[PDB]
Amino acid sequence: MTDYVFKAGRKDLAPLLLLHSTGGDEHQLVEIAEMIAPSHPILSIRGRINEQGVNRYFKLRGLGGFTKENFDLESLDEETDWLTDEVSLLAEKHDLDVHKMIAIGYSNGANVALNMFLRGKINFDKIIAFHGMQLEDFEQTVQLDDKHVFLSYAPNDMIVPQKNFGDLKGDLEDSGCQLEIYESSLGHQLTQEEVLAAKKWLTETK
């Protein structure tokens, strides 16, 4: 039984899909999204992974000393099939248009949104990814030439290697995306300043 929040907002405005960080839940990003995109309908879906009571979108290997080697790509693939189908089903139920959807994710959720976009599993209109990273290297057969995407990064983020963030930006730009990059100073932590930066960016790109 899917754990999710829907908050109607103004029906004619683009819907937001919220995706939480590790250990977050469907309520984590709600007030943040309300600051970024006031009045927009909100759909927020909890990850299905709960190993040791930590909510996540896909499994780790536990090789916690590693970055990409710790990501279970079979799980990533299975859960992203599930999530794309779930988004379509709930958009159906709540009369939302997936092609207008703005994904707003933080860490784990941001990674999953970015991966779905790059794999062509969901045609989001825009993505706002706070402290995201590349999960896997693959052949992208997506063309995203018209799309706008906001990414934050901190150079003291122990979790996201510089090279890894370079590969994420490169995969998006190779697909044709127009990127805005915001640099924060609190490592992996979501900052008030990066959220205001995304709010401002959305007013410019909306």
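Residue numbers run from 1 along the displayed sequence.
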| item | value |
| --- | --- |
| Greater mean Cα temperature factor according to the PDB record, 88-96 or 130-138 | 88-96 |
| Greater mean Cα temperature factor according to the PDB record, 146-154 or 161-169 | 161-169 |
| Peak C-alpha temperature factor (PDB record), options 26, 51, 31, 69 | 51 |
| Ranked against its chain, the third holding the CA B-factor of residue 123 | highest |
| Residue 13, C-alpha B-factor rank within chain (lowest, middle or highest third) | highest |
| Modelled-residue ranking by C-alpha temperature factor, third containing residue 184 | middle |
| Ranked against its chain, the third holding the CA B-factor of residue 200 | middle |
